[PDB]
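Have a look below at one chain only, the form deposited in one PDB entry, in C-alpha cells format.
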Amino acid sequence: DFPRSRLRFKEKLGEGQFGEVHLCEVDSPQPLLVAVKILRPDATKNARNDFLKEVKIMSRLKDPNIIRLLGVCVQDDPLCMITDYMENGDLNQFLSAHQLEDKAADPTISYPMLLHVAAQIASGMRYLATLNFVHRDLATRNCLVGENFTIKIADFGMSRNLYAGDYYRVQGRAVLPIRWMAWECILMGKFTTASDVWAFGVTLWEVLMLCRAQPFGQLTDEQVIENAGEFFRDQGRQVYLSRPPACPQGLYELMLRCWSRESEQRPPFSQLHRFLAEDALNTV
C-alpha cells in the first residue's frame, strides 16, 4: 500500500458522485506524477461503500488501453485510489482542440492518427469483452489521452456539468447516455458487449468529427428515444448519424454495421480493431 503523506497534492483534476481526483507528485516511487481519487469532503457512508467497490472493479483491469490501478492508500489512512496521470486529459477536450490536417498546406491531427486513436479504443474494448465486462458508457468524454496520442479508457460517471447535455435524466431513474445507446438499451434498459459495440460506433463517429458535434445534435432527447422505437419496429424509418467530413465511405460502412438492429450482426471488437489498424490504411 501507499502512505497519503507521501503524496504531494498539486491540483484538482475533477469531482464525481463519491470522490474527487487530484494531480499528485510522488518522490519515492517503488518526479513522478499520478492521479489520485479521494473521498469528497461531504463523504457519506454510501460514498465510502461505492469507493471500496470501485477499487475492486479497477483491480480487475489490466491492459495498455485501460486505466490501471497503481495502488491504494494504507489501511489506516483516509481512502485513496492511485492511477497513472494522463497528461493530455479528456479525449473529447483534446480532439476539440485540434483540426484535421490540411494536405494542401493551430495544432492538427492526421487521418491515420485518428485511426490510431480509434484502434486503441477498440483494443481496450476488445480486452474488456474478454472479461465479459460491459462498460455501459463508452464515449470520448470517458477516454483519456497520455503522451504520444496514447489512449486509455476510463469512466468518470454521469454528473459532470461539462457533459450534462449528454445524459437524459428522469427523477428516480438511472441516468442514460441516450445518444450513445443501442435501441435495445433505450427500450429495455439492459447493456451488453453488443451495445458497447454500438456505443463504440458513436465514439468512432465522435473521433472522426473531431468532437465538434453532439451525436444527433439537432434532434431532441425525445426524438432520440423515439428513434429507438423505429429500430424496434424495423420499418425503415430509423435514422443514423451522418458520415463525418473526415470519414471515408468504407469506414462509415463499418460504423453503420455497429448500429445493426440485430446485436449478432454488429462487428466484434476484434474485427473493429483489425479494420482500424489495418484495412482502413488503404483509405488514406
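Take the two forms, find the largest set of C-alpha atoms that superpose within 1.5 Å, and that set is the rigid core. When you see a residue number, it is the position in the sequence shown, counting from 1.
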property	result
Size class of the missing deposited segment between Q30 and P31	10 or more
Mean C-alpha B-factor comparison - 229-237 and 247-255, higher one	229-237
Which of 67-75 and 112-120 has higher mean CA B factor, as the PDB entry lists it	67-75
Identity of residue with top Cα B-factor, from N92, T192, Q214, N161	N161
Residue, from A199, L208, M188, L128, that the PDB entry assigns the highest Cα B-factor	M188
Ranked against its chain, the third holding the CA B-factor of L23	middle
CA B-factor placement of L219, once the chain's modelled residues are sorted into thirds	lowest
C80 CA temperature factor, ranked by third within the chain	highest
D137, C-alpha B-factor rank within chain (lowest, middle or highest third)	lowest
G146, C-alpha B-factor rank within chain (lowest, middle or highest third)	middle
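Keep in mind the form deposited in another entry is missing from the figure; the text below concerns it.
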query: Core-aligned C-alpha movement of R40 between the shown form and the other one reaching 2 Å; finding: yes
query: Core-superposed C-alpha of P268 shifting 2 Å or more between the shown form and the other one; finding: no
query: Closer or farther: C-alpha pair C185/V170 in that other deposited form, relative to this form, given a change of 3 Å or more; finding: closer
query: Pairwise C-alpha change, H135 versus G19, in that other deposited form against this form - closer or farther, 3 angstroms or more; finding: farther
